[PDB]
Amino acid sequence: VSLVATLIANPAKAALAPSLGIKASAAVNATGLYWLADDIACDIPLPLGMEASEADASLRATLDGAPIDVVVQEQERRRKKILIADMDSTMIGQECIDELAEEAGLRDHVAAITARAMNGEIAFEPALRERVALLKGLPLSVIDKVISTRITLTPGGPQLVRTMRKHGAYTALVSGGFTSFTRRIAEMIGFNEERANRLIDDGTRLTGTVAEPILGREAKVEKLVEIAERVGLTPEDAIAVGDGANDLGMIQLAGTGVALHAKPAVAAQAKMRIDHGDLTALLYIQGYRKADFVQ
Ligand SMILES: [Ca+2]
Ligand SMILES: [Cl-]
Ligand SMILES: [Cl-]
């Protein structure tokens with residue numbers, strides 16, 4: 001089966017120089033070298049008979065000290081037809097739950113719990129109830145307040161979703177956060193649908209509870225299964241991306257699963273990781289060229 005290695009830099013620190021790409025491809029006795037974006041990403045088709053683990057270590061040693069990610073995969077079925085993406089710290093810069101906690105004067109106390117939950121040291125569901133209970137009494141106006149003043153989109157997000165939709169993919173934003181945030185964020189970026197938990201309120205204030213059953217790690221796996229079956233595909237046809245322990249189920253089930261700027265224990269578990277590039281990395285992973293992007 002044919003293999004291809006892809007080298008990916010951050011467009012904001014585009015250090016994949018021509019000379020560097022040439023040296024990488026020689027390190028793996030490669031046939032050709034194909035640029036997907038100048039100074040940012042290139043394809044290196046491995047010669048037949050090389051294990052992916054060899055090419056990976058060879059390329060990483062050659063590139064050591066440079067902010068360039070490495071992934072190796074089979075050339076066929078690179079381009080996926082489903083995207084399922086985590087929201088918090090993946091498509092936006094923030095944790096909505098931590099920003100909400102600010103409005104209760106408890107950002108640090110809640111953020112410390114969030115860090116433990118996204119690292120996998122506590123189960124998602126009791127972590128969520130403990131954090132949300134501290135939001136009891138907040139007026140419903142704080143949701144618009146946080147969205148309009150403190151939530152920012154991750155670089156490359158809109159381009160990723162729009163370029164994939166251009167090529168017929170179905171895109172879903174699937175989050176352990178809250179519907180009141182995902183519905184607006186999904187609209188801003190351009191997802192086909194979103195699914196998240198739900199804050200309970202009395203009409204004026206937050207009750208401090210969440211609608212049950214809570215969506216955690218397994219619920220993201222289930223949404224991936226539901227989507228693929230509905231659109232007449234299989235999870236093998238999907239690329240999944242996240243940063244946290246609650247994304248590892250869908251990252252492991254999808255055909256391509258990406259730990260993006262993941263927590264230390266999370267990245268330790270994922271087969272494919274992106275630590276330097278932004279969300280356009282997922283376009284290059286799939287073999288797209290800059291000429292293909294929606295600008
Ligand atoms: Ca996340
Ligand atoms: Cl909500
Ligand atoms: Cl994985």
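Order of listing sets the numbers, starting from 1, for every ligand and every atom in it. Values reported hereafter were calculated over all heavy atoms of this structure, with side chains retained and with hydrogens, waters and symmetry mates removed. Along the sequence shown, the residues carry numbers beginning at 1.
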Visitor: Is the Ca ion (ligand 1) less than 3.0 Å from at least one N/O/S atom of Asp86?
Guide: yes
Visitor: Between the Ca ion (ligand 1) and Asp88, which N, O or S atom of the residue is the nearest one?
Guide: O
Visitor: Under a 3.5 Å threshold, yes or no: a donor from one side chain and an acceptor from the other, between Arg230 and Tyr170?
Guide: yes
Visitor: List the atom pairs, with distances to 0.1 Å, where a side-chain N or O of residues 17-38 and a protein N or O form a donor-acceptor pair under 3.5 Å, not counting sequence neighbours.
Guide:
residue, atom, partner, partner atom, Å
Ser25, OG, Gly21, O, 3.0
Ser25, OG, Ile22, O, 2.9

Visitor: Less than 3.5 Å apart, which donor and acceptor atoms pair up between the side chains of residues 277-295 and the rest of the protein, not counting sequence neighbours?
Guide:
residue, atom, partner, partner atom, Å
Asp278, OD1, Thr280, N, 2.9
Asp278, OD1, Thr280, OG1, 2.6
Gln286, OE1, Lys80, N, 3.2
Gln286, NE2, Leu282, O, 3.0
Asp292, OD2, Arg289, N, 3.2

Visitor: Could you identify the N, O or S atom of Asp243 positioned closest to the Ca ion (ligand 1)?
Guide: OD1
Visitor: With a 4.0 Å cut-off on N to O distance, would you call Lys263 and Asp243 a salt bridge?
Guide: yes
